[PDB]
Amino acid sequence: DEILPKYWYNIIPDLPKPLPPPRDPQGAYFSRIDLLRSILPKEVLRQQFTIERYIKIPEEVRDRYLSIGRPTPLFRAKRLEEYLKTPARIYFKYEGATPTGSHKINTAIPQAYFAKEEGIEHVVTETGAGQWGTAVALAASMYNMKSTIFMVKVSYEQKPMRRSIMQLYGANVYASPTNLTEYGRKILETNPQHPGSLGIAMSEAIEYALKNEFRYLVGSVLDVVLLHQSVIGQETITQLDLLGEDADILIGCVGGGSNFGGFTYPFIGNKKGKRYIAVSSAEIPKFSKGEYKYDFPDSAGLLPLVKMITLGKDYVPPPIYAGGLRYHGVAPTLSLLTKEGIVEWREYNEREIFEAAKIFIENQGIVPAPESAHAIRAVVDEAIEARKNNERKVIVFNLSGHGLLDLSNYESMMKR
């Protein structure tokens, strides 16, 4: 059962081209790169810039990983193959198995460990849906630290269930834009009805941590996060090996890009598999309308400039969509890999992903996260192409979370 990796894998040393580094803005009044040393736990920052191919997972972190149910299951979806009358075999790494219901726990656990080891005793972060907020509240609870979550205001109101779990673990949850940070009140001044965005909530979390000498935990985009997530892809390889299977098509959904890069990068770096499909929302068209430029992860501009596919730091998501994947940019490594042609990208609209989920609910049984139904949707379309081609394609996809706390979302999608 030590299919659980001994190391995290960083793809950077194996990339086709160099990965442009984070960067202070031209003629900036303060150094963002220098500010990182206040924002991030020292060892998180060290892993973000001490780029090696492999990095030992501290044994205490491996122990915690095991205690939440790692390695996650690698299921075969045989009923689904039969329903699609496809000759392909369909497998999914089920990241919904962790207590929080998503893969985000994989980076919250080490980050929290490193902060507790450094003497931190209060962490802060943002969240949209609440998958990341819940991960961080559980991880903080594990290491006896307080947590403050800045939740995007509109999500705060439509998703009280996740708030309950975060508060249940011991977190305090505010609705960004709040008036607890300078950047919050600024946004309330100009439009006090503003429904928030991940970029705005990120900035208040960072501002709030600085103002109080807390630390900030980062849930996607940065390389240290996709490094931590590489437990997903490494287990999958080992688990496919146990089956004598070889992946052909690897599919993942993309918000900021951590579950995809955690899932596919061990495959890409070592030269396993062939065809990687990052799947995103048409209502947040990072890939179809985004722009590959240096830009801030957060909206205030408190983090360094980072080279990524982005709709723009001050992007505000569509008002009625309920499918997730609302963050405005893509991880720099993922952005590089897709611009360089190594990863394929695909966007789906809400109806398509909603139908995909019902297919999965009705022919596999797990209620998937709306996020993950983007991947399911591509899985289904590929299973059908393997049909009209007749080849035993093995499609492995990453089911990044369950949808049990997203039932209000599925109700909203009965409007299609």
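In case it trips you up, residue 1 is the first one in the sequence shown, and so on.
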Quiz prompt | Mean temperature factor over C-alpha atoms, higher-scoring stretch between 186 to 194 and 293 to 301 | solution = 186 to 194
Quiz item: Do the CA atoms of 197 to 205 or those of 154 to 162 have the higher mean B-factor in the entry?
Solution: 154 to 162
Exercise. Identify, among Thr238, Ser230, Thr181, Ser281, the residue whose C-alpha carries the highest B-factor in the deposited PDB entry.
Key: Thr181
Quiz prompt | Within-chain third of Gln111 by Cα B-factor, per the entry | solution = lowest
Practice problem: Would you mind checking where the Cα B-factor of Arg32 ranks among the modelled residues of its chain, as the lowest, middle or highest third? | Solution: middle
Practice problem: Relative to the other modelled residues of the same chain, rank the CA B-factor of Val394 and answer lowest, middle or highest third. | Solution: highest
Practice problem: Using the B-factors in the PDB entry, rank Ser335's C-alpha atom against the chain and give the third, lowest, middle or highest. | Solution: middle
Quiz item: Compared with the other modelled residues in the chain, in which third is the CA B-factor of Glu355?
Solution: highest
